[PDB]
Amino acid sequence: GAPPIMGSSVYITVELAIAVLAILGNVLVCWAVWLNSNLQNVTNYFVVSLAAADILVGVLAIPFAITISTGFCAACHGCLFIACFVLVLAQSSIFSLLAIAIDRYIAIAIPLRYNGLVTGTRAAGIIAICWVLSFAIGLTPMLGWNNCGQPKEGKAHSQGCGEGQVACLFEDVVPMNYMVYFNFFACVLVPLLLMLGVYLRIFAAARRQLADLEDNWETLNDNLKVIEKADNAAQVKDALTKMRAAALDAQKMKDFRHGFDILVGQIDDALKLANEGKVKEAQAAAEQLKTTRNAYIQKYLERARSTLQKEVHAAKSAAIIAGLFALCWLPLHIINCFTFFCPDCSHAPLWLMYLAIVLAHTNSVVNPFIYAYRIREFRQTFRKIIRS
């Protein structure tokens, strides 16, 4: 039985290193959004709420975790607050991650009404609501779902604790049925699975829209070929009507509008000739469409594709951060499931408990790196802040 202060020293030093890095990186995130107007959008207000939670992991949750690792004598409800505050921050993180996913889904699925639906003032209200709900969820044990009514009196007496005090240890005061059914299953796992469903819908919507762009491009070029090798006016008419409906479908900005105005007008010109039975004249009119396709329509196609690809890239970055949250927190939740559901299993050893706690805390370090490596506007602003 090695002196407890030795393993404690390693755990505490690692926790302090994580707290430093969590504070520095996420202060840098908030500083960048504040300074750069190109970063001030609704998506990034949730990014700032998430960075604020991670700053508070460094400032408060990690000092609280160090404190509760000592088992110090405490009034049981004060111990509960120390134990549970990190659950507030994790819950707030989950709400921010879900909001970010939903924001990106609205932007990809209904871009025409995004800016009118998703506003900064509405985002700020949602963030406030989510922080209140996070306190209610994370501090639910302080409303009575706790083990303070059944203190471990033998452990309290062995530590010389006073009357009304307990040895402040997480699993002695926080009920494991709360931790597994309420905190994990209901408040963490279900939202993460909802996030997964939202991300699946985003990527499926992106895949469909790109396919629709390429299908309209092919339909344009196919029907031009049909007109060239048509042998009567009715065949020219058939292909032009399908081109005209497709042109309006791709129209659904001034040089954009001009290009489609020429295109639809040139289709109408050829359609009128077709309906007069002037096939050769209609086919010559339709050849003009190629100049418009080359000078205008292909540029719109390429720009639309480029916008969708950037949205896919941004949704992947957001999904990575949600996935890293799950990766860092799941081990601790899974261990709680073993403790709770398998009372015939030996408890996970202490070194593994503390490795899983450290891992969870490390999640508060990682997001600034994901933004730096994946989002140029963040990376460039970080550069300017550091250099200056």
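Residue indices: 1-based, along the sequence shown.
Enquirer: So residue 131 is built in this one, but is it left out in a third or more of the other compared PDB entries that include its neighbours?
Expert: Looking at the other entries that model residues on either side of it, residue 131 is present in every one.
Enquirer: In a third or more of the other compared PDB entries with flanking residues modelled, does residue 77 go missing?
Expert: Looking at the other entries that model residues on either side of it, residue 77 is present in every one.
Enquirer: Would you mind checking whether any residues of the deposited sequence sit unmodelled between residue 252 and residue 253, and how many (none, 1 to 3, 4 to 9, 10 or more)?
Expert: Missing in between: 10 or more residues.
Enquirer: Which has higher Cα B-factors on average according to the PDB entry: 13-21 or 369-377?
Expert: Taking the mean C-alpha B-factor of 369-377 and of 13-21, the larger value falls to 369-377.
Enquirer: Which has higher Cα B-factors on average according to the PDB entry: 4-12 or 378-386?
Expert: Comparing averages over the C-alpha atoms only gives 378-386.
Enquirer: Return the residue from 194, 139, 224, 129 that has the highest Cα B-factor in the entry.
Expert: Going by the entry's C-alpha B-factors, 224 comes out highest.
Enquirer: Which is it among 271, 74, 80, 97: the one with the largest CA B-factor in the entry?
Expert: That would be 271.
Enquirer: Is the Cα B-factor recorded for residue 164 in the lowest, middle or highest third of its chain?
Expert: CA B-factor rank for residue 164: highest third.
Enquirer: Per the entry's values, where does residue 200 land by CA temperature factor relative to the rest of its chain, in the lowest, middle or highest third?
Expert: Its C-alpha B-factor, which the entry lists for residue 200, ranks in the middle third among residues of this chain.
Enquirer: Once the chain's modelled residues are ordered by C-alpha B factor and cut into thirds, is residue 123 in the lowest, middle or highest one?
Expert: Middle third, going by the recorded CA B-factors of the chain.
Enquirer: With respect to C-alpha B-factor, does residue 150 fall in the lowest, middle or highest third of the chain as deposited?
Expert: Middle third - that is where residue 150 ends up once the chain's C-alpha B-factors are sorted.
Enquirer: Against its chain's modelled residues, does residue 108's Cα B factor rank lowest, middle or highest third?
Expert: Answer is middle: the recorded C-alpha B-factor places it there.
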